[PDB]
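Shown below: coords25.txt, with compact mmCIF, N, CA and C atoms and all ligand atoms.
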```txt
# COMPACT_ATOMS: atom_id res chain seq x y z
N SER A 1 16.96 -28.26 2.49
CA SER A 1 15.51 -28.29 2.62
C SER A 1 14.99 -29.72 2.67
N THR A 2 13.90 -29.90 3.41
CA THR A 2 13.23 -31.18 3.58
C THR A 2 11.89 -31.15 2.85
N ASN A 3 11.10 -32.20 3.03
CA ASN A 3 9.77 -32.28 2.47
C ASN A 3 8.77 -31.54 3.35
N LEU A 4 7.65 -31.16 2.74
CA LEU A 4 6.58 -30.46 3.44
C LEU A 4 5.58 -31.49 3.95
N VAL A 5 5.38 -31.53 5.27
CA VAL A 5 4.45 -32.46 5.90
C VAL A 5 3.34 -31.68 6.58
N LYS A 6 2.10 -32.14 6.39
CA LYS A 6 0.91 -31.40 6.80
C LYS A 6 0.10 -32.19 7.82
N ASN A 7 -0.73 -31.46 8.56
CA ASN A 7 -1.68 -32.00 9.54
C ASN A 7 -1.00 -32.69 10.72
N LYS A 8 0.24 -32.36 11.01
CA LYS A 8 0.95 -32.88 12.17
C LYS A 8 1.67 -31.73 12.85
N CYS A 9 1.81 -31.81 14.17
CA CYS A 9 2.58 -30.80 14.88
C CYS A 9 4.05 -31.02 14.55
N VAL A 10 4.69 -30.02 13.97
CA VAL A 10 6.06 -30.12 13.48
C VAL A 10 6.82 -28.82 13.69
N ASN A 11 8.07 -28.95 14.14
CA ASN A 11 8.95 -27.79 14.18
C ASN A 11 9.21 -27.35 12.74
N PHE A 12 9.21 -26.04 12.48
CA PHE A 12 9.34 -25.60 11.10
C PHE A 12 10.27 -24.40 10.98
N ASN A 13 10.91 -24.31 9.82
CA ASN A 13 11.76 -23.18 9.45
C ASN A 13 11.35 -22.73 8.05
N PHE A 14 10.79 -21.53 7.92
CA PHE A 14 10.42 -20.94 6.64
C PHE A 14 11.24 -19.68 6.42
N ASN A 15 12.18 -19.71 5.48
CA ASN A 15 13.01 -18.55 5.17
C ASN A 15 13.64 -17.95 6.43
N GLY A 16 14.07 -18.82 7.33
CA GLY A 16 14.70 -18.39 8.55
C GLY A 16 13.78 -18.18 9.74
N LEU A 17 12.47 -18.16 9.53
CA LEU A 17 11.50 -17.97 10.61
C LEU A 17 11.09 -19.32 11.17
N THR A 18 11.34 -19.53 12.46
CA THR A 18 11.19 -20.81 13.12
C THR A 18 9.97 -20.81 14.04
N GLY A 19 9.37 -21.98 14.18
CA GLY A 19 8.22 -22.11 15.06
C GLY A 19 7.80 -23.56 15.19
N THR A 20 6.64 -23.75 15.82
CA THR A 20 6.04 -25.06 16.00
C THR A 20 4.56 -25.00 15.64
N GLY A 21 4.03 -26.06 15.04
CA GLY A 21 2.58 -26.06 14.87
C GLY A 21 2.12 -27.03 13.80
N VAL A 22 0.87 -26.85 13.38
CA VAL A 22 0.22 -27.70 12.39
C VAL A 22 -0.06 -26.86 11.15
N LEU A 23 0.30 -27.39 9.99
CA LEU A 23 0.15 -26.70 8.72
C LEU A 23 -1.06 -27.23 7.96
N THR A 24 -1.89 -26.32 7.45
CA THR A 24 -3.08 -26.70 6.68
C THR A 24 -3.18 -25.84 5.43
N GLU A 25 -3.94 -26.32 4.45
CA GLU A 25 -4.17 -25.54 3.24
C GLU A 25 -5.07 -24.34 3.52
N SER A 26 -4.74 -23.21 2.89
CA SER A 26 -5.37 -21.93 3.17
C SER A 26 -6.07 -21.39 1.93
N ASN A 27 -7.17 -20.67 2.16
CA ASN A 27 -7.89 -19.97 1.11
C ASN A 27 -7.47 -18.52 0.94
N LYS A 28 -6.58 -18.01 1.80
CA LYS A 28 -6.10 -16.64 1.67
C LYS A 28 -5.32 -16.46 0.37
N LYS A 29 -5.43 -15.27 -0.20
CA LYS A 29 -4.71 -14.92 -1.42
C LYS A 29 -3.82 -13.74 -1.10
N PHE A 30 -2.51 -13.94 -1.14
CA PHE A 30 -1.56 -12.88 -0.88
C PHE A 30 -1.30 -12.11 -2.16
N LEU A 31 -1.13 -10.79 -2.03
CA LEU A 31 -0.60 -10.01 -3.13
C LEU A 31 0.86 -10.38 -3.36
N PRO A 32 1.37 -10.17 -4.57
CA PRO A 32 2.69 -10.72 -4.91
C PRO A 32 3.83 -10.22 -4.03
N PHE A 33 3.70 -9.07 -3.38
CA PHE A 33 4.81 -8.49 -2.63
C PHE A 33 4.85 -8.90 -1.16
N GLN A 34 4.00 -9.83 -0.72
CA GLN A 34 3.96 -10.22 0.68
C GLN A 34 4.22 -11.72 0.83
N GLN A 35 4.78 -12.08 1.99
CA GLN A 35 5.29 -13.40 2.32
C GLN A 35 4.68 -14.02 3.57
N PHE A 36 4.32 -13.23 4.57
CA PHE A 36 3.78 -13.72 5.83
C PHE A 36 2.46 -13.03 6.12
N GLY A 37 1.61 -13.71 6.88
CA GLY A 37 0.35 -13.15 7.36
C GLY A 37 0.30 -13.16 8.87
N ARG A 38 -0.21 -12.08 9.45
CA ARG A 38 -0.24 -11.93 10.90
C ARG A 38 -1.62 -11.56 11.39
N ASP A 39 -1.96 -12.06 12.56
CA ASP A 39 -3.28 -11.86 13.16
C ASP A 39 -3.27 -10.66 14.11
N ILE A 40 -4.30 -10.57 14.95
CA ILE A 40 -4.48 -9.43 15.84
C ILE A 40 -3.40 -9.39 16.92
N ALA A 41 -2.97 -10.54 17.43
CA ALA A 41 -1.93 -10.62 18.45
C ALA A 41 -0.53 -10.45 17.88
N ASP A 42 -0.42 -10.24 16.57
CA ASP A 42 0.77 -9.96 15.78
C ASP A 42 1.60 -11.22 15.49
N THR A 43 1.17 -12.40 15.91
CA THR A 43 1.89 -13.63 15.60
C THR A 43 1.57 -14.12 14.18
N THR A 44 2.55 -14.78 13.56
CA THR A 44 2.45 -15.24 12.18
C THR A 44 1.57 -16.48 12.09
N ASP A 45 0.50 -16.39 11.31
CA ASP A 45 -0.45 -17.47 11.16
C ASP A 45 -0.64 -17.97 9.73
N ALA A 46 0.00 -17.36 8.74
CA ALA A 46 -0.05 -17.82 7.36
C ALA A 46 1.31 -17.61 6.72
N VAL A 47 1.64 -18.44 5.73
CA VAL A 47 2.94 -18.34 5.08
C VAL A 47 2.82 -18.85 3.65
N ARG A 48 3.47 -18.16 2.72
CA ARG A 48 3.60 -18.68 1.36
C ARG A 48 4.78 -19.64 1.32
N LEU B 1 6.25 17.02 -19.39
CA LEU B 1 5.06 16.91 -20.23
C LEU B 1 5.47 16.75 -21.69
N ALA B 2 4.47 16.56 -22.56
CA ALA B 2 4.69 16.36 -23.98
C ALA B 2 3.88 17.36 -24.80
N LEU B 3 4.37 17.62 -26.02
CA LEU B 3 3.97 18.81 -26.82
C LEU B 3 3.51 18.34 -28.20
N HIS B 4 2.74 19.17 -28.90
CA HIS B 4 2.37 18.91 -30.31
C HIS B 4 2.74 20.13 -31.16
N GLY B 5 -2.01 18.92 -25.25
CA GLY B 5 -3.16 17.99 -25.15
C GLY B 5 -3.75 17.99 -23.75
N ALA B 6 -5.06 17.75 -23.64
CA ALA B 6 -5.80 17.92 -22.37
C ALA B 6 -5.17 17.05 -21.27
N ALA B 7 -4.75 17.70 -20.18
CA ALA B 7 -4.17 17.01 -19.00
C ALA B 7 -4.38 17.89 -17.76
N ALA B 8 -4.57 17.26 -16.60
CA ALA B 8 -4.64 18.02 -15.33
C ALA B 8 -3.94 17.23 -14.22
N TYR B 9 -3.03 17.88 -13.48
CA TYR B 9 -2.30 17.16 -12.41
C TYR B 9 -2.36 17.94 -11.09
N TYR B 10 -2.32 17.20 -9.97
CA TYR B 10 -2.59 17.71 -8.64
C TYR B 10 -1.44 17.34 -7.73
N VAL B 11 -1.04 18.26 -6.86
CA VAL B 11 0.10 18.05 -5.98
C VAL B 11 -0.31 18.31 -4.53
N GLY B 12 0.05 17.37 -3.64
CA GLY B 12 -0.13 17.55 -2.22
C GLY B 12 1.09 17.09 -1.45
N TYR B 13 1.17 17.49 -0.18
CA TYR B 13 2.34 17.25 0.65
C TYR B 13 2.02 16.42 1.88
N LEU B 14 2.89 15.47 2.19
CA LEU B 14 2.69 14.50 3.26
C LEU B 14 3.20 15.03 4.60
N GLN B 15 2.52 14.64 5.68
CA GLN B 15 2.87 14.96 7.05
C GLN B 15 2.84 13.69 7.89
N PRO B 16 3.58 13.66 9.00
CA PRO B 16 3.48 12.52 9.92
C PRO B 16 2.16 12.54 10.69
N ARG B 17 1.37 11.48 10.52
CA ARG B 17 0.04 11.35 11.10
C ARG B 17 -0.16 9.93 11.59
N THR B 18 -1.15 9.75 12.44
CA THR B 18 -1.59 8.43 12.86
C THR B 18 -2.92 8.13 12.16
N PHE B 19 -2.99 7.00 11.47
CA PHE B 19 -4.19 6.61 10.75
C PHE B 19 -4.69 5.28 11.30
N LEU B 20 -6.00 5.10 11.27
CA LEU B 20 -6.65 3.83 11.58
C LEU B 20 -7.17 3.23 10.28
N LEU B 21 -6.50 2.19 9.79
CA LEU B 21 -6.82 1.54 8.53
C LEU B 21 -7.68 0.31 8.75
N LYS B 22 -8.54 0.03 7.78
CA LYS B 22 -9.48 -1.08 7.86
C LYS B 22 -9.16 -2.10 6.77
N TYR B 23 -9.02 -3.36 7.16
CA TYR B 23 -8.76 -4.48 6.26
C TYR B 23 -9.99 -5.36 6.23
N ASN B 24 -10.53 -5.61 5.04
CA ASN B 24 -11.66 -6.52 4.87
C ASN B 24 -11.16 -7.96 4.90
N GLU B 25 -12.06 -8.92 4.64
CA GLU B 25 -11.70 -10.33 4.74
C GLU B 25 -10.86 -10.82 3.57
N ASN B 26 -10.59 -9.98 2.58
CA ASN B 26 -9.70 -10.34 1.50
C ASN B 26 -8.33 -9.71 1.63
N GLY B 27 -8.14 -8.83 2.60
CA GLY B 27 -6.86 -8.21 2.83
C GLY B 27 -6.64 -6.87 2.19
N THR B 28 -7.67 -6.20 1.69
CA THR B 28 -7.51 -4.90 1.04
C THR B 28 -7.94 -3.81 2.01
N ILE B 29 -7.24 -2.68 1.96
CA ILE B 29 -7.61 -1.50 2.73
C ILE B 29 -8.79 -0.83 2.05
N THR B 30 -9.95 -0.84 2.72
CA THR B 30 -11.15 -0.24 2.17
C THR B 30 -11.56 1.06 2.84
N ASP B 31 -11.03 1.37 4.02
CA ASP B 31 -11.41 2.61 4.69
C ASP B 31 -10.32 3.02 5.67
N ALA B 32 -10.35 4.29 6.05
CA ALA B 32 -9.36 4.85 6.96
C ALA B 32 -9.96 6.00 7.74
N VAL B 33 -9.39 6.25 8.92
CA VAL B 33 -9.72 7.38 9.77
C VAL B 33 -8.45 8.16 10.06
N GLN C 1 19.42 20.57 -27.63
CA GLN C 1 19.25 22.02 -27.54
C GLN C 1 18.00 22.36 -26.75
N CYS C 2 18.00 23.50 -26.08
CA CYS C 2 16.90 23.90 -25.22
C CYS C 2 16.21 25.11 -25.85
N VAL C 3 14.88 25.10 -25.83
CA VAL C 3 14.08 26.17 -26.41
C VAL C 3 13.11 26.69 -25.36
N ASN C 4 13.05 28.01 -25.20
CA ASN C 4 12.13 28.63 -24.25
C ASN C 4 10.79 28.85 -24.93
N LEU C 5 9.77 28.14 -24.47
CA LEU C 5 8.44 28.23 -25.05
C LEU C 5 7.84 29.61 -24.81
N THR C 6 7.27 30.20 -25.86
CA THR C 6 6.57 31.47 -25.77
C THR C 6 5.09 31.23 -26.04
N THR C 7 4.32 32.32 -26.10
CA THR C 7 2.89 32.28 -26.40
C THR C 7 2.13 31.41 -25.40
N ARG C 8 2.29 31.70 -24.12
CA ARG C 8 1.61 30.97 -23.06
C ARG C 8 0.99 31.95 -22.08
N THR C 9 -0.34 31.95 -22.00
CA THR C 9 -1.04 32.89 -21.13
C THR C 9 -0.84 32.54 -19.66
N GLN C 10 -0.57 33.57 -18.86
CA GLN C 10 -0.34 33.40 -17.43
C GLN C 10 -1.64 33.60 -16.64
N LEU C 11 -1.93 32.65 -15.75
CA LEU C 11 -3.15 32.63 -14.96
C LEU C 11 -2.82 32.40 -13.49
N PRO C 12 -3.67 32.88 -12.58
CA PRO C 12 -3.43 32.63 -11.16
C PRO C 12 -3.57 31.16 -10.84
N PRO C 13 -2.88 30.68 -9.80
CA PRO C 13 -2.93 29.25 -9.47
C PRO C 13 -4.28 28.85 -8.90
N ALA C 14 -4.62 27.58 -9.08
CA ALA C 14 -5.90 27.03 -8.66
C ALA C 14 -5.69 25.97 -7.59
N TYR C 15 -6.66 25.86 -6.69
CA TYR C 15 -6.60 24.91 -5.59
C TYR C 15 -7.87 24.08 -5.56
N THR C 16 -7.76 22.89 -4.98
CA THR C 16 -8.91 22.01 -4.81
C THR C 16 -8.69 21.19 -3.55
N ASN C 17 -9.59 20.24 -3.29
CA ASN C 17 -9.62 19.50 -2.04
C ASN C 17 -9.42 18.01 -2.32
N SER C 18 -8.63 17.34 -1.48
CA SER C 18 -8.43 15.90 -1.57
C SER C 18 -9.43 15.19 -0.65
N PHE C 19 -10.29 14.36 -1.22
CA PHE C 19 -11.35 13.69 -0.46
C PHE C 19 -10.90 12.29 -0.05
N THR C 20 -10.23 12.19 1.09
CA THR C 20 -9.70 10.92 1.61
C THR C 20 -8.85 10.18 0.56
N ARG C 21 -7.94 10.90 -0.06
CA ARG C 21 -7.03 10.33 -1.05
C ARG C 21 -5.64 10.10 -0.46
N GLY C 22 -4.84 9.35 -1.20
CA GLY C 22 -3.43 9.20 -0.89
C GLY C 22 -3.06 8.22 0.19
N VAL C 23 -3.82 7.14 0.35
CA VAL C 23 -3.51 6.09 1.32
C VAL C 23 -2.76 4.98 0.61
N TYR C 24 -1.71 4.48 1.25
CA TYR C 24 -0.90 3.41 0.71
C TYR C 24 -0.66 2.37 1.78
N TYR C 25 -0.22 1.19 1.36
CA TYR C 25 0.10 0.11 2.29
C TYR C 25 1.38 0.42 3.06
N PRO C 26 1.34 0.47 4.39
CA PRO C 26 2.56 0.81 5.13
C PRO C 26 3.63 -0.27 5.11
N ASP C 27 3.26 -1.54 5.25
CA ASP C 27 4.24 -2.62 5.23
C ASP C 27 3.81 -3.76 4.32
N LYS C 28 4.52 -4.89 4.37
CA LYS C 28 4.29 -5.99 3.45
C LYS C 28 3.77 -7.25 4.14
N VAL C 29 3.03 -7.09 5.22
CA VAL C 29 2.43 -8.20 5.96
C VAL C 29 0.95 -8.28 5.59
N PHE C 30 0.48 -9.48 5.28
CA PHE C 30 -0.94 -9.70 5.00
C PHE C 30 -1.77 -9.65 6.29
N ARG C 31 -2.85 -8.87 6.27
CA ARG C 31 -3.82 -8.77 7.35
C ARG C 31 -5.21 -8.84 6.76
N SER C 32 -6.15 -9.41 7.50
CA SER C 32 -7.53 -9.50 7.05
C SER C 32 -8.49 -9.32 8.22
N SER C 33 -9.61 -8.63 7.96
CA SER C 33 -10.70 -8.44 8.91
C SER C 33 -10.21 -7.81 10.21
N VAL C 34 -9.60 -6.64 10.09
CA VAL C 34 -8.96 -6.04 11.26
C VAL C 34 -8.88 -4.53 11.10
N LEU C 35 -8.96 -3.83 12.23
CA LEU C 35 -8.63 -2.41 12.31
C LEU C 35 -7.21 -2.27 12.85
N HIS C 36 -6.35 -1.57 12.11
CA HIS C 36 -4.93 -1.48 12.43
C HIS C 36 -4.48 -0.02 12.46
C1 LIG A 101 15.82 30.63 -21.75
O1 LIG A 101 15.80 31.69 -20.80
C2 LIG A 101 16.79 31.56 -19.77
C3 LIG A 101 16.55 32.68 -18.79
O2 LIG A 101 15.61 32.31 -17.79
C4 LIG A 101 18.18 31.58 -20.38
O3 LIG A 101 19.13 31.33 -19.35
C5 LIG A 101 20.06 32.42 -19.24
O4 LIG A 101 21.16 32.26 -20.14
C6 LIG A 101 22.10 33.35 -20.09
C7 LIG A 101 23.14 33.08 -21.15
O5 LIG A 101 23.56 31.72 -21.13
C8 LIG A 101 22.69 33.46 -18.69
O6 LIG A 101 23.53 34.61 -18.63
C9 LIG A 101 21.59 33.58 -17.64
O7 LIG A 101 22.15 33.52 -16.34
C10 LIG A 101 20.58 32.45 -17.81
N1 LIG A 101 19.48 32.61 -16.86
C11 LIG A 101 19.10 31.64 -16.03
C12 LIG A 101 17.95 31.96 -15.12
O8 LIG A 101 19.65 30.54 -16.01
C13 LIG A 101 18.30 30.50 -21.45
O9 LIG A 101 19.55 30.64 -22.13
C14 LIG A 101 17.17 30.61 -22.47
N2 LIG A 101 17.23 29.51 -23.41
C15 LIG A 101 17.46 29.68 -24.72
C16 LIG A 101 17.65 31.09 -25.18
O10 LIG A 101 17.50 28.73 -25.50
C1 LIG A 102 -5.80 26.81 -0.21
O1 LIG A 102 -4.51 27.45 -0.18
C2 LIG A 102 -4.47 28.71 -0.88
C3 LIG A 102 -3.05 29.21 -0.79
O2 LIG A 102 -2.70 29.53 0.55
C4 LIG A 102 -5.47 29.68 -0.26
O3 LIG A 102 -5.48 30.86 -1.05
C5 LIG A 102 -5.43 32.04 -0.24
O4 LIG A 102 -6.72 32.34 0.33
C6 LIG A 102 -6.72 33.51 1.16
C7 LIG A 102 -8.11 33.63 1.74
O5 LIG A 102 -9.10 33.36 0.76
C8 LIG A 102 -6.31 34.72 0.33
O6 LIG A 102 -6.27 35.87 1.17
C9 LIG A 102 -4.94 34.48 -0.28
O7 LIG A 102 -4.58 35.58 -1.12
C10 LIG A 102 -4.98 33.21 -1.11
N1 LIG A 102 -3.69 32.94 -1.71
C11 LIG A 102 -3.52 32.70 -3.02
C12 LIG A 102 -2.11 32.45 -3.46
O8 LIG A 102 -4.46 32.70 -3.80
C13 LIG A 102 -6.86 29.07 -0.27
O9 LIG A 102 -7.78 29.93 0.38
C14 LIG A 102 -6.84 27.72 0.44
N2 LIG A 102 -8.16 27.12 0.47
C15 LIG A 102 -8.97 26.96 -0.59
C16 LIG A 102 -10.29 26.32 -0.31
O10 LIG A 102 -8.64 27.31 -1.72
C1 LIG A 103 -13.43 -10.85 -1.63
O1 LIG A 103 -13.10 -12.00 -2.42
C2 LIG A 103 -14.26 -12.71 -2.91
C3 LIG A 103 -13.74 -13.92 -3.66
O2 LIG A 103 -12.91 -13.54 -4.75
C4 LIG A 103 -15.10 -11.78 -3.79
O3 LIG A 103 -16.26 -12.46 -4.24
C5 LIG A 103 -15.50 -10.55 -2.99
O4 LIG A 103 -16.20 -9.64 -3.83
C6 LIG A 103 -14.25 -9.87 -2.46
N1 LIG A 103 -14.59 -8.68 -1.69
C7 LIG A 103 -15.25 -8.69 -0.53
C8 LIG A 103 -15.50 -7.35 0.08
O5 LIG A 103 -15.64 -9.72 -0.01
```

Represent the supplied structure as structure tokens.
Amino acid sequence: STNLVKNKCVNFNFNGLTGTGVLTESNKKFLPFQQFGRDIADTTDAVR
Amino acid sequence: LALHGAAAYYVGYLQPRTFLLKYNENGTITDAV
Amino acid sequence: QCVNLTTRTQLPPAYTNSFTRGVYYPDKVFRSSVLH
């Protein structure tokens, strides 16, 4: 594992899920049994 | 059950259905069709 | 040891209606502000 870098476009791997993008702090509150958040187009837009 | 008191229990059976669930802005299911 | 309970009055079964009950979360993905 590496360090977490924010506000820059970065290739990322979270628990095996890979992608590209910019990471920002979120106000969403996940229930304890969930790990990913998905929007209307079904793509992952939030992560614990 | 337990023995020595007021209790009432209800039983229903599930079927395969299609539901339309509603998620509010906090992520909780508040309504369904 | 097992004991067969006696002194129990027998009554016909009763039925009622479920008013939009029994909904659970189908999966473990967070969603907000959406019809799914
Ligand atoms: C409670 O009643 C049941 C009968 O419903 C008894 O079970 C019977 O036991 C005898 C002797 O062991 C068997 O020949 C029957 O086949 C059994 N019936 C059933 C339906 O299983 C049971 O023994 C009673 N419990 C007591 C007396 O403590
Ligand atoms: C709920 O299910 C029960 C069981 O099928 C229904 O009870 C039957 O109702 C019919 C018509 O009233 C009677 O002819 C049967 O004899 C009833 N069966 C029993 C075991 O009582 C009941 O009507 C259904 N609906 C409601 C609202 O109770
Ligand atoms: C959503 O969360 C906020 C903040 O905790 C709360 O005030 C509100 O009552 C919750 N429910 C709805 C429907 O907004």

- Task: Find the residues near ligand LIG 101 (chain A). Use a cut-off of 12 Å, count only C-alpha atoms and all ligand atoms, and write them as a PyMOL selection string.
- Result: chain C and resi 1-6

- Which residues form the shell of 10 Å around ligand LIG 103 (chain A) when you count only C-alpha atoms and all ligand atoms, given as a PyMOL selection string? (chain A and resi 27-29) or (chain B and resi 23-28+30)

Residue hits in chain A, query chain C, radius 7 Å, only N, CA and C atoms, as a tab-separated table (two decimals) with N, CA and C atoms, keeping the file's coordinate frame:
```tsv
chain	number	residue	atom	x	y	z
A	30	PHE	N	-2.51	-13.94	-1.14
A	30	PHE	CA	-1.56	-12.88	-0.88
A	30	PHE	C	-1.30	-12.11	-2.16
A	33	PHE	N	3.70	-9.07	-3.38
A	33	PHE	CA	4.81	-8.49	-2.63
A	33	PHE	C	4.85	-8.90	-1.16
A	34	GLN	N	4.00	-9.83	-0.72
A	34	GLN	CA	3.96	-10.22	0.68
A	34	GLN	C	4.22	-11.72	0.83
A	35	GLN	N	4.78	-12.08	1.99
A	35	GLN	CA	5.29	-13.40	2.32
A	35	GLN	C	4.68	-14.02	3.57
A	36	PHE	N	4.32	-13.23	4.57
A	36	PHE	CA	3.78	-13.72	5.83
A	36	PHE	C	2.46	-13.03	6.12
A	37	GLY	N	1.61	-13.71	6.88
A	37	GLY	CA	0.35	-13.15	7.36
A	37	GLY	C	0.30	-13.16	8.87
A	38	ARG	N	-0.21	-12.08	9.45
A	38	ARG	CA	-0.24	-11.93	10.90
A	38	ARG	C	-1.62	-11.56	11.39
A	39	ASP	N	-1.96	-12.06	12.56
A	39	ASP	CA	-3.28	-11.86	13.16
A	39	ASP	C	-3.27	-10.66	14.11
```

- Kindly provide, as a ChimeraX atom specification, all nucleotide and amino acid residues lying within 8 Å of ligand LIG 102 (chain A), counting only N, CA and C atoms and all ligand atoms. /C:12-17

Output file for the residues above (N, CA and C atoms, as an mmCIF file, keeping the file's coordinate frame):
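Full text of result02.cif as output:
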```cif
data_model
loop_
_atom_site.group_PDB
_atom_site.id
_atom_site.type_symbol
_atom_site.label_atom_id
_atom_site.label_comp_id
_atom_site.auth_asym_id
_atom_site.auth_seq_id
_atom_site.Cartn_x
_atom_site.Cartn_y
_atom_site.Cartn_z
ATOM 1 N N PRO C 12 -3.670 32.880 -12.580
ATOM 2 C CA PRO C 12 -3.430 32.630 -11.160
ATOM 3 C C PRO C 12 -3.570 31.160 -10.840
ATOM 4 N N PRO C 13 -2.880 30.680 -9.800
ATOM 5 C CA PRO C 13 -2.930 29.250 -9.470
ATOM 6 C C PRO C 13 -4.280 28.850 -8.900
ATOM 7 N N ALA C 14 -4.620 27.580 -9.080
ATOM 8 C CA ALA C 14 -5.900 27.030 -8.660
ATOM 9 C C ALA C 14 -5.690 25.970 -7.590
ATOM 10 N N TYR C 15 -6.660 25.860 -6.690
ATOM 11 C CA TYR C 15 -6.600 24.910 -5.590
ATOM 12 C C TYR C 15 -7.870 24.080 -5.560
ATOM 13 N N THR C 16 -7.760 22.890 -4.980
ATOM 14 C CA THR C 16 -8.910 22.010 -4.810
ATOM 15 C C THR C 16 -8.690 21.190 -3.550
ATOM 16 N N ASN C 17 -9.590 20.240 -3.290
ATOM 17 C CA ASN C 17 -9.620 19.500 -2.040
ATOM 18 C C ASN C 17 -9.420 18.010 -2.320
#
```

- Task: For stretch 11-18 of chain A, please output as a ChimeraX atom specification all residues within 12 Å (counting only C-alpha atoms; exclusion window: fewer than 4 positions along the same chain).
- Result: /A:1-6,22-23,35-36,43-48

- Message: Could you tell me how far atom N of residue A:24 sits from atom C of residue A:9, in Å to one decimal place?
- Response: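 Going from atom C of residue A:9 over to atom N of residue A:24, I get 10.4 Å.
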
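Note that atom CA of residue C:24 and atom CA of residue A:31 are 14.0 Å apart.
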
- For atom N of residue C:10 and atom CA of residue B:13, quote the distance in Å rounded to one decimal. 25.6 Å

- Which of chain A DSSP labels strand (DSSP E), written as a PyMOL selection string: chain A and resi 9-14+17-22+36-38+44-47

Just write the chosen residues, N, CA and C atoms, as a PDB file, in the frame of the given file.
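Written file, result.pdb:
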```pdb
ATOM      1  N   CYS A   9       1.810 -31.810  14.170  1.00  0.00           N
ATOM      2  CA  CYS A   9       2.580 -30.800  14.880  1.00  0.00           C
ATOM      3  C   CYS A   9       4.050 -31.020  14.550  1.00  0.00           C
ATOM      4  N   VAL A  10       4.690 -30.020  13.970  1.00  0.00           N
ATOM      5  CA  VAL A  10       6.060 -30.120  13.480  1.00  0.00           C
ATOM      6  C   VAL A  10       6.820 -28.820  13.690  1.00  0.00           C
ATOM      7  N   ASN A  11       8.070 -28.950  14.140  1.00  0.00           N
ATOM      8  CA  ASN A  11       8.950 -27.790  14.180  1.00  0.00           C
ATOM      9  C   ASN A  11       9.210 -27.350  12.740  1.00  0.00           C
ATOM     10  N   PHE A  12       9.210 -26.040  12.480  1.00  0.00           N
ATOM     11  CA  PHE A  12       9.340 -25.600  11.100  1.00  0.00           C
ATOM     12  C   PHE A  12      10.270 -24.400  10.980  1.00  0.00           C
ATOM     13  N   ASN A  13      10.910 -24.310   9.820  1.00  0.00           N
ATOM     14  CA  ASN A  13      11.760 -23.180   9.450  1.00  0.00           C
ATOM     15  C   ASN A  13      11.350 -22.730   8.050  1.00  0.00           C
ATOM     16  N   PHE A  14      10.790 -21.530   7.920  1.00  0.00           N
ATOM     17  CA  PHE A  14      10.420 -20.940   6.640  1.00  0.00           C
ATOM     18  C   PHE A  14      11.240 -19.680   6.420  1.00  0.00           C
ATOM     19  N   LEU A  17      12.470 -18.160   9.530  1.00  0.00           N
ATOM     20  CA  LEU A  17      11.500 -17.970  10.610  1.00  0.00           C
ATOM     21  C   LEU A  17      11.090 -19.320  11.170  1.00  0.00           C
ATOM     22  N   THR A  18      11.340 -19.530  12.460  1.00  0.00           N
ATOM     23  CA  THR A  18      11.190 -20.810  13.120  1.00  0.00           C
ATOM     24  C   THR A  18       9.970 -20.810  14.040  1.00  0.00           C
ATOM     25  N   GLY A  19       9.370 -21.980  14.180  1.00  0.00           N
ATOM     26  CA  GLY A  19       8.220 -22.110  15.060  1.00  0.00           C
ATOM     27  C   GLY A  19       7.800 -23.560  15.190  1.00  0.00           C
ATOM     28  N   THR A  20       6.640 -23.750  15.820  1.00  0.00           N
ATOM     29  CA  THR A  20       6.040 -25.060  16.000  1.00  0.00           C
ATOM     30  C   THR A  20       4.560 -25.000  15.640  1.00  0.00           C
ATOM     31  N   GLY A  21       4.030 -26.060  15.040  1.00  0.00           N
ATOM     32  CA  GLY A  21       2.580 -26.060  14.870  1.00  0.00           C
ATOM     33  C   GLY A  21       2.120 -27.030  13.800  1.00  0.00           C
ATOM     34  N   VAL A  22       0.870 -26.850  13.380  1.00  0.00           N
ATOM     35  CA  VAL A  22       0.220 -27.700  12.390  1.00  0.00           C
ATOM     36  C   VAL A  22      -0.060 -26.860  11.150  1.00  0.00           C
ATOM     37  N   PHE A  36       4.320 -13.230   4.570  1.00  0.00           N
ATOM     38  CA  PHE A  36       3.780 -13.720   5.830  1.00  0.00           C
ATOM     39  C   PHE A  36       2.460 -13.030   6.120  1.00  0.00           C
ATOM     40  N   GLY A  37       1.610 -13.710   6.880  1.00  0.00           N
ATOM     41  CA  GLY A  37       0.350 -13.150   7.360  1.00  0.00           C
ATOM     42  C   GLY A  37       0.300 -13.160   8.870  1.00  0.00           C
ATOM     43  N   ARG A  38      -0.210 -12.080   9.450  1.00  0.00           N
ATOM     44  CA  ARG A  38      -0.240 -11.930  10.900  1.00  0.00           C
ATOM     45  C   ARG A  38      -1.620 -11.560  11.390  1.00  0.00           C
ATOM     46  N   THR A  44       2.550 -14.780  13.560  1.00  0.00           N
ATOM     47  CA  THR A  44       2.450 -15.240  12.180  1.00  0.00           C
ATOM     48  C   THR A  44       1.570 -16.480  12.090  1.00  0.00           C
ATOM     49  N   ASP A  45       0.500 -16.390  11.310  1.00  0.00           N
ATOM     50  CA  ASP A  45      -0.450 -17.470  11.160  1.00  0.00           C
ATOM     51  C   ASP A  45      -0.640 -17.970   9.730  1.00  0.00           C
ATOM     52  N   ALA A  46       0.000 -17.360   8.740  1.00  0.00           N
ATOM     53  CA  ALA A  46      -0.050 -17.820   7.360  1.00  0.00           C
ATOM     54  C   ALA A  46       1.310 -17.610   6.720  1.00  0.00           C
ATOM     55  N   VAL A  47       1.640 -18.440   5.730  1.00  0.00           N
ATOM     56  CA  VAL A  47       2.940 -18.340   5.080  1.00  0.00           C
ATOM     57  C   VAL A  47       2.820 -18.850   3.650  1.00  0.00           C
TER      58      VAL A  47
END
```

- Test item: residues at most 9 Å from residue B:32, only C-alpha atoms, excluding those fewer than 4 positions along its chain, as a VMD selection string: (chain B and resid 19 to 22) or (chain C and resid 20 23)
